[PDB]
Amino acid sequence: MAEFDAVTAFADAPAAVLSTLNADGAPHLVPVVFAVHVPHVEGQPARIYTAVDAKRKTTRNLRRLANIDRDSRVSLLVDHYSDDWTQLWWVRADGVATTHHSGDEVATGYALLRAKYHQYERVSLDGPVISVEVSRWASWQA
């Protein structure tokens, strides 16, 4: 951990990269917007929420190629890049992802995303929510 508040810096950033494992164990990367929920009690883990944008579809037809549901281990990285290399920093969060189609976690993820991103005033939230339980934080600065 570098000497800044890594969780706040990660939380305040608008975009992160999400890494999941393919079926054959190879890495896979997608960008995400997200919102961090900081623990209520000391010792409890942070959780990170991201929603998947969904078009209206049949309940059991369309399929997703990549797997979280098969392997749940994920990592998320926020980088602050600048052409001025003195201003570089990053924060990584490693954890376990769970996909939710209804229930508390969907409601919580939509609410937190709406609170963070003004854009969701005009972009609907209709898809499933991935919740990541963070087990390790790392950070670095220039």
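Don't overthink the numbering: it's just position in the shown sequence, from 1.
Problem set entry | Between the two ranges 72-80 and 110-118, the one averaging a larger CA B factor in the entry | Here the higher of the two C-alpha B-factor means belongs to 110-118.
For this session: Using the B-factors recorded in the PDB entry, average over the C-alpha atoms of 120-128 and of 12-20, then report which stretch comes out higher.
Result: In the deposited entry, the stretch with the higher C-alpha B-factor mean is 120-128.
For this session: Could you check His101, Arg47, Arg92, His28 and tell me which one carries the biggest Cα B-factor in the deposited entry?
Result: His101 has the highest C-alpha B-factor of those listed.
Exercise. Per the entry, which of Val36, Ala97, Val41, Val33 tops the list for Cα B factor?
Worked result: Spelled out: the listed residue with the top C-alpha B-factor is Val41.
Exercise. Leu88's Cα B-factor: lowest, middle or highest third of the chain?
Worked result: Lowest third - that is where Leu88 ends up once the chain's C-alpha B-factors are sorted.
Problem set entry | Relative C-alpha B-factor of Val7, binned into the chain's lowest, middle or highest third | Answer is middle: the recorded C-alpha B-factor places it there.
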